[PDB]
Amino acid sequence: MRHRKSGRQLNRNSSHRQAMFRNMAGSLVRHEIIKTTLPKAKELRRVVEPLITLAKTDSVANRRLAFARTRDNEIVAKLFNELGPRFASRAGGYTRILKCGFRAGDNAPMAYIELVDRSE
Amino acid sequence: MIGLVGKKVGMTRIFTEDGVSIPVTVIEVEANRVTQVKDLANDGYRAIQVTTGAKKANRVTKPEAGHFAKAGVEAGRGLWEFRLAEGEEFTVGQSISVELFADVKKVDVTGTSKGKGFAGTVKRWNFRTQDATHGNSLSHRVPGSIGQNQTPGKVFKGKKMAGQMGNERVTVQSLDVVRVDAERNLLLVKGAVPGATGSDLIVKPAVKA
Amino acid sequence: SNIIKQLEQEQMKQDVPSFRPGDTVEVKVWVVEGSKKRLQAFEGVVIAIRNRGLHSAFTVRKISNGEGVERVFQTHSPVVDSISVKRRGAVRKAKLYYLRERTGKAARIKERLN
Amino acid sequence: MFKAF
Amino acid sequence: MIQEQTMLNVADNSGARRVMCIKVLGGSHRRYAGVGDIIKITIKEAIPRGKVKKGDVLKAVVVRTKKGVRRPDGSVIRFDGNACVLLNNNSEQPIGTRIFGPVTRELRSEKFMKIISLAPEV
Amino acid sequence: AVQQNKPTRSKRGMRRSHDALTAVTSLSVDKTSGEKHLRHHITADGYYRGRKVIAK
RNA sequence: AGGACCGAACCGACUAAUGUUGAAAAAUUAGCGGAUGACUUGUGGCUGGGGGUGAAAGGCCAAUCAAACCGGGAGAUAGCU
RNA sequence: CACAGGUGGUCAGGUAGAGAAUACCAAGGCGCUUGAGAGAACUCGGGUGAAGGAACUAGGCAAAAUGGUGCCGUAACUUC
RNA sequence: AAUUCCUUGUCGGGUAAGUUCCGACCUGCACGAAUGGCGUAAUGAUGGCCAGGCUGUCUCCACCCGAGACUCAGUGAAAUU
RNA sequence: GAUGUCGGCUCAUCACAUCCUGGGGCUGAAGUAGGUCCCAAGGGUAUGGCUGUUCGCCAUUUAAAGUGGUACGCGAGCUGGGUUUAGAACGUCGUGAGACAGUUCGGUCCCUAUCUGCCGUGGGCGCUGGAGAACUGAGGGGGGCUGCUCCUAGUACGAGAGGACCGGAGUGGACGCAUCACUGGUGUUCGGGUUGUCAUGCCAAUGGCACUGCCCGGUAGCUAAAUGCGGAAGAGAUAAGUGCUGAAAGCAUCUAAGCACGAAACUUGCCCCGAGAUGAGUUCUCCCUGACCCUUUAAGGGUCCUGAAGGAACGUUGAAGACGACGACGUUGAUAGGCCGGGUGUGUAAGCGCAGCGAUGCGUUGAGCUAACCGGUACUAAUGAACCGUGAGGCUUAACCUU
Ligand SMILES: [Mg+2]
Ligand SMILES: [Mg+2]
Ligand SMILES: [Mg+2]
Ligand SMILES: [Mg+2]
Ligand SMILES: [Mg+2]
Ligand SMILES: [Mg+2]
Ligand SMILES: [Mg+2]
Ligand SMILES: [Mg+2]
Ligand SMILES: [Mg+2]
Ligand SMILES: [Mg+2]
Ligand SMILES: [Mg+2]
Ligand SMILES: [Mg+2]
Ligand SMILES: [Mg+2]
Ligand SMILES: [Mg+2]
Ligand SMILES: [Mg+2]
Ligand SMILES: [Mg+2]
Ligand SMILES: [Mg+2]
Ligand SMILES: [Mg+2]
Ligand SMILES: [Mg+2]
Ligand SMILES: [Mg+2]
Ligand SMILES: [Mg+2]
Ligand SMILES: [Mg+2]
Ligand SMILES: [Mg+2]
Ligand SMILES: [Mg+2]
Ligand SMILES: [Mg+2]
Ligand SMILES: [Mg+2]
Ligand SMILES: [Mg+2]
Ligand SMILES: [Mg+2]
Ligand SMILES: [Mg+2]
Ligand SMILES: [Mg+2]
Ligand SMILES: [Mg+2]
Ligand SMILES: [Mg+2]
Ligand SMILES: [Mg+2]
């Protein structure tokens, strides 16, 4: 059964699944918009968005905590220096998912995921 | 005897002065409003149709709205019927609350049980599993034999096999009414009842008596 | 769950003292022998506590007449009359199940001299 | 292939 | 939960140290004996010069179990080991003249009042 | 394990009666770009709900 | 010193599961035996079918062995299907 | 067969280690030529388990368990 | 008894209960002395039996992590008839 | 030109020549307990030691541990211990190769389900206008076991010993259903400890890998060992059986006419499915009130206008689920995520200071972190539409409403 459970297995083990989202989370921070499969984008919200909330308050402990979850100082600097201040007023919902058809290689349903403040 | 429709709030413990702990399922029974009364001369049997709760008017269909408007009642979660005995009579639009069970000692609670989905014979029918070792080959929890060779040459009706389990109407009988709280529309019954939290629930006086 | 929450809150004991795992706690529990009620004391080390509001409970371990005994008390049950902290112990864990494998000197617990 | 003697 | 082949310590001074349960009495297909239940036992180890000897087949009443005992309020009482008191096969009365270790309240029956009177604790 | 008789043309046809595909009921029309697209999906030129969400 | 001991490489193949239209016409995985010797291995050579070789199982002699393989007698014979 | 097989030599880094075992790495080389979802039964490869502990079974099959260094200590039987 | 048909021979030990096992008896159907008799320390992936530890082997299964099964896209078999 | 064999395991189904429970007649039936026969198949109807065994003996239970059929039920379900391939040996027979319902040690169990069958779950069409709901219940299935203690009562009975029927109450075993409040398991998505090594420049702090590296705890969910409930009363017609009145047959006679009682069997009562019940049922609401054209002039075809109730599709999703299906919701919005608060779990984070040569300790501090949970919040995603479905619904007869 699967009653009241959360988190997609995505046909991966725990180690691979954790590593993949760490890489994907850094990509979304580095590139404000990325293209991924629809189910993967839905799971990425539960990983990237907490990091942005963590970046709301700038402190040594928070930066180290963010580093432990991203293992990329460039991402940590991006989160606390730019993303944190930009989303300081938003109460969640820092990312938006847009469906963009299906993948030619395997017909997988794709979707764009981007930060809501990409406007320039 | 007429019953009421409620919702499964959850399970809770009730302590008593003597030191006994009574596990009680909390059932909320809002005002049950009678929507239609079935008459022998018109429907062939005596019964009442009632509705409980409320639902957003945006999702109320026109044919459903007219039925409620006929009795001058607000749309509810759904419609349920209760058969009437010889001495029972009700009027359309009447509101029935949990005080009906104030003098009732035993009740029968019916509801849709939890849905287990496709279940094997071991879980569904308590089939004994075969040896996990000692040479067993891909038959650790398979059903096993299902017939008796040529003579019957077939599988009989009702053979116990894997299939959908749960998610069906189930009735539990002779549950003690621990407490009736009319001020809060709450009914406490000793023991568990079918269904998950928030599922529709039907409570009737114990027919077994 | 507001309905459930207030139902339990209305019957939760208010005089529950503060204690931690590893503390030596004496529990007064009502016992009935015929028509007369009585109080008997159960003193031991608190090895486990679960906080669940009205469903909170704690486990007390003692060695009685050479036999280890563990009692799981329902914190808010009327059966237990009172709880008293005789001594405070210093432990690094919430659960002290490892004490089940120890006796005598090995089972000693340091005092929490805050 | 089973036998029968 | 005491089954067949389960080894239990002896809570009385009858001379037996530990016994094996060979039958859970009181029903058909019954497989568990709790506190206060009678079980057929065989003595596996005993002291010399005791009133019982190794290999004897008797019946005993379970007084302590690891699984524990459930109280009306939901509390549980557990012991570090399983213990029993030997009883006469024909009269099912206690054989030993003393009881060792604590005893549990569900022995409060007219047929076990002797054990409670000798019980050091409750 | 294996068939004892050869299934007919008829049997094959009725088994495939449920294999037919279903066409999309309709295509949404963007309020600004006017291009047809799957509902709740961005258009070919990156428009969605009247906004050019995608740069390309 | 050792057909000595424990144990990798190396050479074996005792148990179990999987596989059995297999990844594989004999394997994989986890254990297992020998591991300075009657050991193991590379290259080349010799023994040819009623013969070879065989610490001997009728084992092996090119996925074939109580008489190899290829061609020939040959369209053997078949009171049988 | 772009096949979980078979195939003789030479080179032999770092930390821990008795070690060419094993673990993580360097130089270097790879992710094994269908993917994307779902998280039913059942099958396969594994993890954990209340109380009991061979009651299983043809049989403790399989699993679990023991597991290293020094030091103390070690019986019958021995062809010593 | 790797030998005993009668046979689960009889007696003793082990177990609450032992057609197996160990010891003994001799009524050896049908042991026996280099196609060797009887012993034998050590050795054995050897046969039988018992005990401690150990455990999902089991009472009685429960949950969980992965690869299939299931759905979608691509490619696309087989025995049989 | 193949129907695999004993026994075990799993799963069974039927018969009644009935093992237990139920109802009776006799008894050399005082009571308790038995013997024998009749009715009764609804439910129930042991775990172990030895042996490959079925069987059997033995140990200890039980209300009882029934007898049989079903390819001596069941290997395209499992096992392979026993017989019965090739190896080897003993005894025995034969000069010998070999041989033995003689014995010993070892010894490959293949098949992706087309059909029937069965367990589940959908699509299509039908039910005569269409649509949304709630129902009647023809039919079918599930369930049906039983111990002990107490009271009646140490009463009836009996010289004593011993010890009830009939009726009540309580508490159990086995089995079934439901559920997580409790007690627990699991909890590789939550904390913490720790070994080796590598990396982030280094210290500090962290991360990767080693079965989740090895471990200690644990939220939700699932779950049993956990805790609630269930078997029935009652009614109808009866079996064996017991009767009332009563002739044939002046009597007698339960029977021929006519009445009464009578069991876990039967029909109901209880639970579940159920109008594909084509015999396709009933009740309550909702929706549609246009133009014409053609001849093969009839339940006829076609164009224009129209597109309702409702459905579907898509999207966010569920304690619903293999996929379909089913339930919730789509801005007039709490469906999911995030966010805020709280609760849980872990157990005093990091940084800094103070003590110590140091490991480390202490203060800040029950700190930090915290998954699925609880109560909230439109911050993100659930689009304005399109699509399907129509336009008053056949004939005959009858009864009313009428002209
Ligand atoms: Mg996949
Ligand atoms: Mg890992
Ligand atoms: Mg479900
Ligand atoms: Mg196999
Ligand atoms: Mg297996
Ligand atoms: Mg068969
Ligand atoms: Mg037939
Ligand atoms: Mg050697
Ligand atoms: Mg190997
Ligand atoms: Mg070696
Ligand atoms: Mg031979
Ligand atoms: Mg060959
Ligand atoms: Mg010729
Ligand atoms: Mg020819
Ligand atoms: Mg390849
Ligand atoms: Mg290596
Ligand atoms: Mg799985
Ligand atoms: Mg266990
Ligand atoms: Mg057995
Ligand atoms: Mg083994
Ligand atoms: Mg192991
Ligand atoms: Mg034994
Ligand atoms: Mg002997
Ligand atoms: Mg001889
Ligand atoms: Mg050897
Ligand atoms: Mg495909
Ligand atoms: Mg044939
Ligand atoms: Mg009946
Ligand atoms: Mg047979
Ligand atoms: Mg068989
Ligand atoms: Mg065999
Ligand atoms: Mg023969
Ligand atoms: Mg460091």
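In what follows, chains carry the letters A, B, and so on, assigned in the order in which the sequence lines appear, proteins first and then strands, with residues in each chain numbered from 1.
Take B/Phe82 and apply the ring-ring contact (aromatic ring centres under 6.0 Å, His included) test, not counting sequence neighbours, and it matches no residue. Among residues two or more places apart in sequence or in another chain, the side chain to side chain contact (heavy atoms under 4.5 Å, CB included) test is passed with A/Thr70 by A/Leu51, A/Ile75, A/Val76. Judged as a side chain to side chain donor-acceptor pair (under 3.5 Å), and not counting sequence neighbours, the contacts of E/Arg71 are E/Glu106. With sequence neighbours excluded, the residues that form a ring-ring contact (aromatic ring centres under 6.0 Å, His included) with C/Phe73 are C/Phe42, C/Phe58. Under the salt bridge (charged side-chain N to carboxylate O under 4.0 Å, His left out) criterion, A/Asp72 pairs with A/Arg30, not counting sequence neighbours. Residues passing the salt bridge (charged side-chain N to carboxylate O under 4.0 Å, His left out) test with E/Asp37, sequence neighbours excluded: E/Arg30. Under the rule for a side chain to side chain donor-acceptor pair (under 3.5 Å), the partners of A/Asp117 that lie at least two apart in sequence or sit in another chain are A/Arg86.
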Side-chain polar contacts of residues 106-115 of chain B - donor-acceptor pairs under 3.5 angstrom, sequence neighbours left out - could you list them?
unit_1	atom_1	unit_2	atom_2	d
B/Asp108	OD1	B/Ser174	N	3.0
B/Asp108	OD2	B/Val207	N	3.1
B/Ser113	OG	B/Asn167	N	3.3
B/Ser113	OG	B/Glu168	O	3.4

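The base of J/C180 does not engage J/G172 as a Watson-Crick or G-U wobble partner with both distances under 3.5 Å.
Between J/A220 and A/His3, no contact under 4.0 Å exists linking OP1 or OP2 to a side-chain N or O. Residue E/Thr42 places at least one side-chain N or O under 4.0 Å from the OP1 or OP2 atom of I/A16. Of the side-chain N and O atoms in A/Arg46, one or more sit less than 4.0 angstrom from OP1 or OP2 of J/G338.
Looking only at atom types and distance, the side chain of E/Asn89 has a donor-acceptor partner in the side chain of E/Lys40 under 3.5 Å away.
For residues 103-116 of chain A, the side-chain hydrogen bond (donor to acceptor under 3.5 Å, both in side chains) pairs, not counting sequence neighbours, are A/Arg96-A/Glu114, A/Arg103-A/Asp106, A/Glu114-A/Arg118.
Ionic pairing of B/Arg77 and B/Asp200 is present here: one or more N-O contacts between side-chain nitrogen and carboxylate oxygen are shorter than 4.0 angstrom.
For H/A38, the base has a donor-acceptor partner in the side chain of A/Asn11 [N/O atoms by modelled type, under 3.5 angstrom].
Interface residues of residues 114-121 of chain B facing RNA chain J, ordered by number: B/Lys114, B/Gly115, B/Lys116, B/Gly117, B/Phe118; criterion, heavy-atom separation under 4.0 Å.
When each of F/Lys6 and E/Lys44 is assigned the nucleotide of RNA chain I bearing its nearest heavy atom, the one mapping closer to the 5' terminus is E/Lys44.
Base pairing annotation: J/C326 forms a Watson-Crick or G-U wobble pair with J/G318, both donor-acceptor distances under 3.5 Å.
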With sugar-phosphate taken as primed atoms, P, OP1 and OP2 and all else as base, the protein-contact string of nucleotides 71-79 of chain I at under 4.0 Å (heavy atoms; B, S, -) is -SS-----B
Each nucleotide of nucleotides 52-63 of chain I classed B (base within 4.0 Å of a protein heavy atom), S (only sugar-phosphate) or -, in 5' to 3' order, makes -----SSBBSS-
